[PDB]
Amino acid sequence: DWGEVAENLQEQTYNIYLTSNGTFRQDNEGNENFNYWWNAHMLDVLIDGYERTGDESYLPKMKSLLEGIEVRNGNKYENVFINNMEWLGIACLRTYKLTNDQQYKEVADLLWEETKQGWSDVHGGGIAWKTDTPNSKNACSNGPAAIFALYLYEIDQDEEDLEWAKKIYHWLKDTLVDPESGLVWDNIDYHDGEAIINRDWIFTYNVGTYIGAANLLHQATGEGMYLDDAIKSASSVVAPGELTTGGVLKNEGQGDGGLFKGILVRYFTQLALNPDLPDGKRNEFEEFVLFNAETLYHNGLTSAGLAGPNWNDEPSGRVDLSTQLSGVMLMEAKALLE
């Protein structure tokens, strides 16, 4: 029972990482630092549990987390990293779609206004990484911005938001997507006076949000090109290459990188749920999530239920919250697909 596994991990995560004010600590050792974007993804994990169970017990924990983020972020929701605001805004819109709780919509509305301010024509378009890095346009600040815009379009049907989604996605595809594989390069910035793309950094979460944005744009327009884009990127995830070792999504370390795998699995799974996906691709994608979930469960989880950065080995020491969230996201995705 994969839902039973996910619920066990939800409980272990909440029990080990909950700190004051309804937020979640950086690790299970000596660090109580508040990580804004990690806590945003804990909200996503709590939403995963709510959708699977229908258990209203998740709702007060979600609300306490939303309000605790405001306090620990300095009595505000704005953050210097634009991608951080995008992650929280996405989770807030997800919550509003399921609960109609206007408090989440108001936060999302604020964060969308800030996200749109990061856009510029530097490097041809794209949302900046930070409010003060006008020249650094990163996949992690554009993939999520498109997803953000698409959720808002589903909710408010403002034509300007669909235009934003299309413009963000098409800049991302034209700039940071490898035309041969569909995988996503990390960023473009000025180095020694000229624009350079970091092609060495190919992370699971960047192709993850590209897949997620393409899937949502296909749903919002019906244009097959978006589905073709998503299938190509997801097929490269499955086939041997940069992001897998022995068919398992690879170790990307702890800290921020601990969260990368879970984000890819979330949006990969959403593509596997698209009704227009061909049967053979759906089977291949479902089998890939199962293989990863089985690997983590049997090889990578501690007996208490903590996941490490390598899904194929148990962590012997500190477990960052980000790393743990990727494990819970994997199990929730597996339970969703059964």
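Residues carry their position along the shown sequence, with the first being 1.
On average the C-alpha atoms of 190 to 198 have higher B-factors than those of the other stretch, with 190 to 198 and 149 to 157 being the two compared.
Mean C-alpha B-factor is higher over 277 to 285 than over the other stretch, the pair under comparison being 277 to 285 and 36 to 44. The entry assigns its greatest Cα B factor, within the set 252, 180, 256, 106, to 180.
Residue-level inspection of the entry shows that, of 214, 93, 239, 111, 239 has the top Cα B-factor.
Residue 322: CA B factor in the lowest third of modelled residues in this chain (values from the PDB entry).
When the modelled residues of the chain are ordered by C-alpha B-factor, residue 132 sits in the highest third.
Ranked against the other modelled residues of its chain, the C-alpha B-factor of residue 118 as given in the entry falls in the middle third. Residue 71: CA B factor in the highest third of modelled residues in this chain (values from the PDB entry).
Per the PDB record, residue ranking by Cα B-factor puts residue 329 in the lowest third of the chain.
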